[PDB]
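Below you will find one chain, with nothing else, as structure tokens; this is the form deposited in one PDB entry, and questions on how it binds or moves follow later.
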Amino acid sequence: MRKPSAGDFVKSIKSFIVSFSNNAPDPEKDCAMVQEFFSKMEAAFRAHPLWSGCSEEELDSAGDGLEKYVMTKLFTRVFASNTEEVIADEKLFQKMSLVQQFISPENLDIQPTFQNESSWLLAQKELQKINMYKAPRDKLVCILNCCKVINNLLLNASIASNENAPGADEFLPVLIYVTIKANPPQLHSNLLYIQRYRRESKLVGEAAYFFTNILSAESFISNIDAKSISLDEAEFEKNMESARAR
């Protein structure tokens, strides 16, 4: 991209970044503009007379390169960029920082046969890396690593307790637990940002399945009450109080 042949690609990407401020911030429009810019620069990678010797994988890496460069420039205008996203973030953080203190795997229907004794610590850590990166791809990869780790740990539990292979019934409740224990900062904005700004052609297949899992995990967690984690209403509220005092 620094090579003198790419001069006019560089000018084009930069007149986009400058031309982005020319509109009052608006997520739905903003992300529509970025996806179209991505759609178009990516059309200009493959079709370009100079880039017609590139492999599929290389063109795909350049896409992610563009994504990363652009999104790092746009980051503070597009990410958690208004009051309602800020508010949803804080509500999620608040609830997890409380509930993580008393939640147990049986509250979520995790059977003892699928227990991990690290409490899937490595998956928690993979998820918490999410605010170490700015590109949607690298943020998503944290989610996806977390998911893979959970799955490998569930598979190990099933081997050991001679159970059948884990599916959504085993996985989702463990993703929820892990997410609560990880309490990753700005989880709501992080997911919205991935959904909006990730190269749309790439939010597909297994990637999109596990993404949908974490979005449904976020939704469950937002709405956690006594009944949703099978506790008595008096037991629930009293657990919340003691959590606030710590």
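Residue numbers run from 1 along the displayed sequence. Rigid core here is just the name for the largest C-alpha set that superposes within 1.5 Å across the two forms.
As for the form deposited in another entry, it is not shown, yet the points below apply to it.
With the rigid core aligned between this form and the one not shown, the listed residues 155, 168, 87, 132 include just one Cα displaced by at least 2 Å, namely that of 155. The two forms, fitted on the rigid core, differ between this form and the one not shown by less than 2 Å at the CA of residue 76. After superposition on the rigid core, the Cα atom of residue 100 is displaced by less than 2 Å between this form and the one not shown. Annotation: Cα of residue 115 displaced by at least 2 Å between this form and the one not shown, core superposition. A decrease of at least 3 Å in the separation of the C-alpha atoms of residue 113 and residue 181 is found in the other form, compared with the displayed form. Here's the thing about residue 119 and residue 98: their CA atoms end up at least 3 Å farther apart in the other form than they are in this form.
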